[PDB]
Amino acid sequence: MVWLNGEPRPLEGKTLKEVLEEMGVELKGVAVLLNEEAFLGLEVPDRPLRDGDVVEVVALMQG
Amino acid sequence: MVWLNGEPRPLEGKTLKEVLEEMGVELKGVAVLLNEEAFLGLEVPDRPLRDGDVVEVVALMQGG
């Protein structure tokens with residue numbers, strides 16, 4: 001399974017963009033953690049998700 | 001405790017607005033189910049969430 005925000009989800013094979021769209025996420029308003037990496041929502045990589053991947057989608061707030 | 005998409009979270013006091021913004025979702029891109037009652041993202045109630053509330057947030061897809 002792929003871990004999304006702390007929950008196991010059958011996401012293997014899907015790209016982050018595909019996943020974010022299925023979440024109804026505003027790309028410009030979030031950052032995405034893929035394992036030991038971070039991306040702005042608009043600049044996530046196209047590498048298909050793999051088993052064991054850990055993904056965290058975080059909303060960018062104003063301090 | 002408030003159930004959000006099946007998961008328990010301490011969102012009491014927060015409005016749905018606020019929760020959606022903390023989720024970083026597109027208001028226009030989702031539908032929200034407050035206790036089995038459905039709202040378009042932009043037209044969610046403004047009352048603060050309370051213990052026992054069941055919330056479901058679903059992205060609106062294009063079928064076709």
Side-chain angles (χ1 to χ4, degrees):
Chain A
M1 238 98 254
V2 168
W3 298 77
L4 178 63
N5 286 349
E7 301 283 319
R9 295 283 191 271
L11 295 184
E12 205 236 39
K14 296 180 171 184
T15 68
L16 282 173
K17 258 194 236 78
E18 277 158 2
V19 172
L20 289 165
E21 183 193 49
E22 300 189 327
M23 295 178 76
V25 162
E26 187 191 35
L27 298 177
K28 66 186 304 283
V30 309
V32 180
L33 280 54
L34 177 59
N35 300 329
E36 338 82 346
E37 219 149 38
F39 304 100
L40 287 179
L42 287 173
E43 296 193 312
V44 287
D46 290 300
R47 66 197 67 160
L49 289 169
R50 298 161 61 76
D51 173 58
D53 269 345
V54 177
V55 186
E56 292 293 328
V57 181
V58 300
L60 296 174
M61 315 298 297
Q62 245 293 10
Chain B
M1 211 95 217
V2 180
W3 301 88
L4 176 68
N5 281 353
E7 301 283 331
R9 300 258 205 286
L11 307 176
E12 282 102 331
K14 287 183 186 178
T15 73
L16 287 172
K17 237 56 217 194
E18 283 176 330
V19 174
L20 291 180
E21 281 170 334
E22 279 179 12
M23 290 177 85
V25 307
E26 226 168 279
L27 283 188
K28 287 171 171 96
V30 301
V32 180
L33 269 78
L34 185 56
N35 292 315
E36 264 172 54
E37 187 163 18
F39 298 97
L40 275 194
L42 280 176
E43 309 189 289
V44 291
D46 50 45
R47 79 161 171 77
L49 289 162
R50 65 198 179 215
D51 171 66
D53 276 334
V54 174
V55 187
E56 297 291 339
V57 178
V58 295
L60 295 169
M61 293 295 114
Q62 253 266 273

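Below, chains carry the letters A, B, ... as their sequence lines are ordered, and counting in each starts from 1. Side-chain atoms are counted along with the backbone in the values below, which use heavy atoms only and exclude waters and symmetry mates.
- If you measure heavy-atom distances from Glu7(B) to chain A, the contacts under 4.5 Å come from the side chain alone.
- At a threshold of 4.5 Å between side-chain heavy atoms, the hydrophobic network of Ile, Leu, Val, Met, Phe, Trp and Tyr places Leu20(B) and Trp3(B) in two separate groups.
- Heavy-atom pairs under 4.5 Å with chain A peak, among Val58(B), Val57(B), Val25(B), at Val25(B).
- Hydrophobic clustering of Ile, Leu, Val, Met, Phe, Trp and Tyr side chains at less than 4.5 Å, counting indirect connections, unites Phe39(A) with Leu42(A).
- Between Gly24(A) and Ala59(B) the shortest heavy-atom distance is N-CB, 3.5 Å.
- No more than 12 heavy atoms of other residues, nucleotides or ligands sit less than 6.0 Å from atom NZ of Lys28(A).
- If you measure heavy-atom distances from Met23(B) to chain A, the contacts under 4.5 Å come from the backbone alone.
- With rounding to the nearest 0.5 Å, the separation of CD in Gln62(A) from CD in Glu21(B) is 12.5 Å.
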